[PDB]
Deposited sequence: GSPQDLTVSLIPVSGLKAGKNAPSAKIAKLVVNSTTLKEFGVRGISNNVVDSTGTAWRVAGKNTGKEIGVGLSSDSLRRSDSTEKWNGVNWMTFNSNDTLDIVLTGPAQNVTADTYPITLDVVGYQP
């Protein structure tokens, strides 16, 4: 399937506790870009941000796998090998509220 199919799968908290898993599938894409969407984003690439019912973002192990950072249409995106699984974690030190929290990711793929 050439077409992009994207899955976001749910997983005092542990340091870097994993909270969600991102999978992007396509038989034709080589790479994809992903950014978190927030009112309170905490870097150029949107790979760490704050979420209103906590600090969330890609894990260091996921960030390590980025192929490049590209500026596309005025915005920086970290790119990753297609069919990859990336982890979304609570970032920074152990974070301490019984609530529902919204997590929004935007994914882009440019077909070969």
item: Sequence order list of spans that the model leaves without C-alpha positions, deposited numbering; value: 1-2, 14-19, 62-67, 111
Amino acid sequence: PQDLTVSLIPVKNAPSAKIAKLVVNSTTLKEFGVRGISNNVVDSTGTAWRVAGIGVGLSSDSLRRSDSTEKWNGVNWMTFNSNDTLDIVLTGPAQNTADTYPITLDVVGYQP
From here on, numbers count along this sequence of modelled residues.
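Take the two forms, superpose them, and find the largest set of C-alpha atoms that agree within 1.5 Å; that set is the rigid core.
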{"item": "Stretch farther from the shown model on average in 7 other deposited structures of this protein, with CA RMS computed after core superposition (71-79, 36-44)", "value": "71-79"}
{"item": "24-32 versus 38-46 - which carries the larger mean C-alpha B factor in the record", "value": "38-46"}
{"item": "Residue, from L58, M78, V75, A52, that the PDB entry assigns the highest Cα B-factor", "value": "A52"}
{"item": "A94, C-alpha B-factor rank within chain (lowest, middle or highest third)", "value": "highest"}
{"item": "Lowest, middle or highest third - CA B-factor, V107", "value": "lowest"}
{"item": "Third of chain Cα B-factors occupied by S66", "value": "middle"}
{"item": "CA B-factor placement of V11, once the chain's modelled residues are sorted into thirds", "value": "highest"}
